[PDB]
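Peer 1: Would you mind keeping the following structure in view while I ask a few things?
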Amino acid sequence: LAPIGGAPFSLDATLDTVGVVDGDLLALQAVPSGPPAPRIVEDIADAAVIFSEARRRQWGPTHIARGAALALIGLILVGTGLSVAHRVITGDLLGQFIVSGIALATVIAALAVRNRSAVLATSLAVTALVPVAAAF
Amino acid sequence: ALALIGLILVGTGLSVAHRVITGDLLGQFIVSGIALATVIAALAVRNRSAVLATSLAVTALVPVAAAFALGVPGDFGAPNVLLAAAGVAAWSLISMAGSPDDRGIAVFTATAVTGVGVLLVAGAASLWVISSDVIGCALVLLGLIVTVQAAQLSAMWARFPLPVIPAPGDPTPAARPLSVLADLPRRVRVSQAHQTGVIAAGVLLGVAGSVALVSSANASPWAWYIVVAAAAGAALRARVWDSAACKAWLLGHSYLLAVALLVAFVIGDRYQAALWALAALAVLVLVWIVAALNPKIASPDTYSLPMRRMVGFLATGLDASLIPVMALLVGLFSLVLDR
Amino acid sequence: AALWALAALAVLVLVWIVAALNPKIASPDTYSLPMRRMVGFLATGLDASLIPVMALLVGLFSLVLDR
Amino acid sequence: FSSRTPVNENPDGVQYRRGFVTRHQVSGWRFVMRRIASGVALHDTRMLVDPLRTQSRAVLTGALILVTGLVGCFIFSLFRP
Amino acid sequence: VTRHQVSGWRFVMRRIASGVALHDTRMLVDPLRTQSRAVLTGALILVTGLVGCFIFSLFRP
Amino acid sequence: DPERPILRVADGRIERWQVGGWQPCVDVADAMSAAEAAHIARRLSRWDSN
Amino acid sequence: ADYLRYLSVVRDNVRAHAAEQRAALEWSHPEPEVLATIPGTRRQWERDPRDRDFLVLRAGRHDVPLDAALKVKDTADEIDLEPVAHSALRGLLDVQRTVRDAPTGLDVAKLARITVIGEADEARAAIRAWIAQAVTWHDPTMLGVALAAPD
Amino acid sequence: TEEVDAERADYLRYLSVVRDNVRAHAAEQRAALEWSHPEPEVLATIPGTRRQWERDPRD
């Protein structure tokens with residue numbers, strides 16, 4: 001027996017001597033026991049290659065995708081910044097065109113990738129708040 | 001905890017702004033006060049809580065850096081940077097030891113190695129005047145050296161059990177205490193942490209040298225070659241490291257470089273160059289998004305061994321050709337030619 | 001210069017007392033093999049380039065440069 | 001031919017303490033160190049190809065090119081008028 | 001005498017030397033010869049530099 | 001006496017009596033209270049095959 | 001490098017051997033807490049005098065030597081071997097020769113008297129542990145218990 | 001020539017250790033013979049001891 005979302009009751013314990021009252025929901029959980037034994041390795045390089053995997057996921061395509069999305073968000077932000085800064089300092093109409101282009105491009109894209117991946121779509125739609133604000 | 005971190009950051013910022021603009025001794029006093037408070041709070045709570053302790057410790061980097069950079073009186077210069085770097089490195093090395101890995105070792109290693117780097121460079125700049133080009137070259141070269149030697153440096157910095165090699169005629173190499181082998185997982189996690197940190201430090205030193213080399217408008221085309229070559233090498237090294245964060249840093253070196261060049265262009269009066277840097281950043285993001293959309297590109301199996309070896313040779317050639325061109329950049333060859 | 005030589009003597013005696021206090025750095029059986037090889041390289045190269053500096057300090061190079 | 005080192009059976013003989021480092025020993029140490037470095041930076045210990053040694057060799061070749069060009073232009077300055 | 005003759009004799013002399021200065025005879029590595037050859041190659045650096053300066057003198061006016 | 005061993009268990013572990021001192025035989029000698037053994041015996045009393 | 005690769009393969013093989021032996025031990029000698037759940041299953045009493053664990057009563061996890069022999073092929077007489085490879089093989093033959101914290105047991109079939117010295121609580125605890133492990137796996141036609149106590 | 005220098009170095013180390021080994025063998029033989037044949041001045045202490053007439057026709 002275990003208090004649900006907690007640690008199981010010791011077997012030797014009496015139910016009354018452990019905090020419980022009518023109407024408590026109890027789970028039927030496996031008795032806690034530590035690891036059987038950790039891997040014992042005597043080659044240093046083999047140790048490094050072995051134990052690192054318990055916290056390492058390969059590069060793979062998902063990391064590329066996440067990094068690309070992050071790079072794109074950063075591009076949107078820093079482009080908006082540079083564009084509005086140049087437009088203020090010079091008023092050469094160029095910063096305006098550039099920030100407006102970035103804003104329209106990202107608000108189209110935030111609808112484009114809508115069904116390809118949800119998180120990317122919401123993230124781009126969120127970060128698009130800066131370009132449109134600066135453009136207007 | 002978040003409130004306290006915010007307090008420390010905003011206090012450092014306000015006090016530095018006041019100390020530079022108004023020039024009142026209150027600045028140094030209050031930054032030093034919050035710095036000492038933060039460092040003693042970290043060293044205290046280290047036993048009561050781990051994550052809070054390392055958070056306060058990594059935040060303490062801003063107060064000490066802002067403090068020592070102003071402890072030198074008179075006008076700002078190289079010795080100020082030397083003192084700031086010294087403080088950062090010392091505090092990072094102090095905060096690193098004493099706790100198991102919690103990915104605080106990674107950031108602490110990064111800050112410590114970049115601090116040692118900028119410490120050496122600031123010492124060079126202070127002990128005798130050296131032009132901006134020399135400083136940028138020193139940064140790029142030191143970041144390169146740290147990056148290439150990152151692996152075995154992290155290995156020996158994790159304090160792995162030394163490999164026992166017995167010579168002929170010596171007694172047998174008795175097995176090491178089971179305790180050390182039991183400890184090994186902790187040590188290899190620390191090794192990966194140090195690895196990521198030192199790679200990040202190499203990237204930071206590289207981009208710092210790059211921006212120092214090509215910030216000005218009278219920069220030699222050799223400076224552009226040095227910067228673009230260091231960036232391309234930092235990208236091509238991503239094929240070597242097989243951990244996630246290391247590859248990420250090595251790739252993002254070029255991105256951070258482009259952003260920093262943009263900022264340094266726009267701080268100065270170089271605006272057309274700033275738009276060009278934005279364009280280059282867009283090219284980099286385009287490469288990223290292309291690689292993301294097509295998982296059959298940037299997949300090594302999608303290339304023949306000839307082209308793979310060609311990329312390898314390109315990396316080797318770029319890394320080799322970096323430092324001789326670097327000496328060509330400064331007047332070393334000119335000097336020796338006229339002596 | 002006498003006081004400076006006394007200071008250098010102090011540094012030597014400090015090295016001695018450090019090595020005698022901690023017998024874990026007083027025996028290169030507790031140094032890493034590349035460290036021991038670097039010590040060897042330093043000694044060898046040092047004694048090697050000693051005698052050229054010898055003949056430099058005295059007027060040999062200058063002698064044959066003139067003759 | 002002969003390469004051996006039998007077990008000493010004499011308790012009253014000589015025991016060779018304070019060993020040096022042989023060329024073999026330092027080569028083996030450099031190897032095991034490159035192997036640990038490969039196993040840490042990469043996830044290879046099979047050591048079929050060692051890109052880290054190649055990178056270090058590349059940077060050192062850059063340094064050699066540097067010093068060579070230096071001494072070359074130096075003797076060029078001297079010998080030429 | 002042969003090359004092997006003089007090689008063997010010089011080696012056994014060097015082994016005697018390693019047997020009274022060091023206190024090993026395995027001769028896995030021979031630091032005594034290392035230092036002796038270091039002094040010698042110092043002298044060799046000197047002589048090559050001397051003839052180098054000689055020729056360098058013959059060129060210049 | 002390998003066929004008639006002498007085992008001392010008072011350390012939290014069992015140690016055999018060999019020639020000279022004790023030799024550790026186990027590290028973590030399991031041990032169950034009388035209540036757990038009683039629960040087992042009761043669950044056992046059901047079945048019979050004799 | 002080639003020899004170290006071969007040695008990593010052999011280490012993996014012997015690791016598999018040790019894992020197999022460990023699983024076999026955990027199957028035949030489970031924790032004393034698990035004995036409460038065995039009765040009434042198909043593993044009620046499942047040892048017979050043709051097993052390899054008939055009448056062996058677990059006494060706790062101990063560093064047990066690997067059952068299978070782990071030896072190197074000959075030509076290791078007095079001819080010297082490469083230092084790094086020989087050191088690696090030494091470490092392998094030392095460490096992997098034993099399985100860590102595997103449940104070991106006492107063979108009651110090869111004994112005639114057992115003197116248990118220690119504190120009465122601890123002695124009786126361990127003795128009850130062995131008896132529970134015995135009776136909860138053998139049938140009363142191939143096992144029996146008898147006690148003589150003050151009370 | 002480092003070839004034959006290393007060759008003879010290996011052989012001579014092997015020879016030194018086998019010299020030590022055979023000297024141990026010789027000292028063992030000598031200790032045995034001195035246990036059996038003590039100096040005559042020792043013989044006064046032999047009698048009335050566990051070893052007084054020890055040699056028997058199997059030795």
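Chain labels run A, B, ... following the order of the structure tokens; each chain numbers its residues from 1, and ligands are numbered from 1 in the order shown.
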Taking the DSSP assignment computed from this structure's backbone, write out as a count of residues only all residues of stretch 108-315 of chain B that belong to alpha helix (DSSP H).

Peer 2: 155

Peer 1: Using only C-alpha atoms, what table do you get, as JSON lines, when you list each residue of chain E with an atom no more than 8 Å from chain D, its nearest pair of atoms, and their distance in Å rounded to one decimal, rows by chain then rising number?

Peer 2:
```
{"residue": "E:23", "atom": "CA", "partner": "D:16", "partner_atom": "CA", "distance": 7.8}
{"residue": "E:24", "atom": "CA", "partner": "D:16", "partner_atom": "CA", "distance": 6.4}
{"residue": "E:28", "atom": "CA", "partner": "D:22", "partner_atom": "CA", "distance": 6.3}
{"residue": "E:29", "atom": "CA", "partner": "D:22", "partner_atom": "CA", "distance": 5.7}
```

Peer 1: Compile the contact shell of residue A:50 as a PyMOL selection string: residues with an atom at most 9 Å away, counting only C-alpha atoms, same-chain residues fewer than 5 positions apart removed.

Peer 2: (chain A and resi 41+45) or (chain D and resi 43)

Peer 1: Filtering to N, CA, C and O atoms, could you give me those residues as a PDB file, in the first residue's frame?

Peer 2:
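As written to disk, part.pdb reads:
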```
ATOM      1  N   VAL A  41      33.735  -0.896 -14.513  1.00  0.00           N
ATOM      2  CA  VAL A  41      34.535  -0.852 -15.727  1.00  0.00           C
ATOM      3  C   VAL A  41      35.946  -0.424 -15.360  1.00  0.00           C
ATOM      4  O   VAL A  41      36.144   0.466 -14.529  1.00  0.00           O
ATOM      5  N   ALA A  45      38.833   4.817 -21.154  1.00  0.00           N
ATOM      6  CA  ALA A  45      38.155   5.265 -22.365  1.00  0.00           C
ATOM      7  C   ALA A  45      36.824   4.551 -22.545  1.00  0.00           C
ATOM      8  O   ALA A  45      35.822   5.170 -22.930  1.00  0.00           O
TER       9      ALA A  45
ATOM     10  N   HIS D  43      32.615   9.330 -29.301  1.00  0.00           N
ATOM     11  CA  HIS D  43      32.241   8.078 -28.664  1.00  0.00           C
ATOM     12  C   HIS D  43      32.853   6.923 -29.424  1.00  0.00           C
ATOM     13  O   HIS D  43      32.211   5.924 -29.751  1.00  0.00           O
TER      14      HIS D  43
END
```

Peer 1: Tell me as a list in words which residues belonging to chain G come within 6 Å of chain F, counting only C-alpha atoms.

Peer 2: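 Only these qualify: residues 36, 59, 60, 61, 62, 111, 112, 113, 114, 115, 116, 117, 118, 119, 125, 126 and 129 of chain G.
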
Peer 1: Take atom CA of residue B:336 and atom CA of residue C:52 and report the distance between them in Å, one decimal.

Peer 2: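 So the two atoms, atom CA of residue B:336 and atom CA of residue C:52, lie 23.1 Å apart.
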
Peer 1: Considering only C-alpha atoms, state which residue in the set E:10, E:4, E:37, E:26 is at the smallest distance from chain B.

Peer 2: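 Of all the options, E:26 lies closest to chain B.
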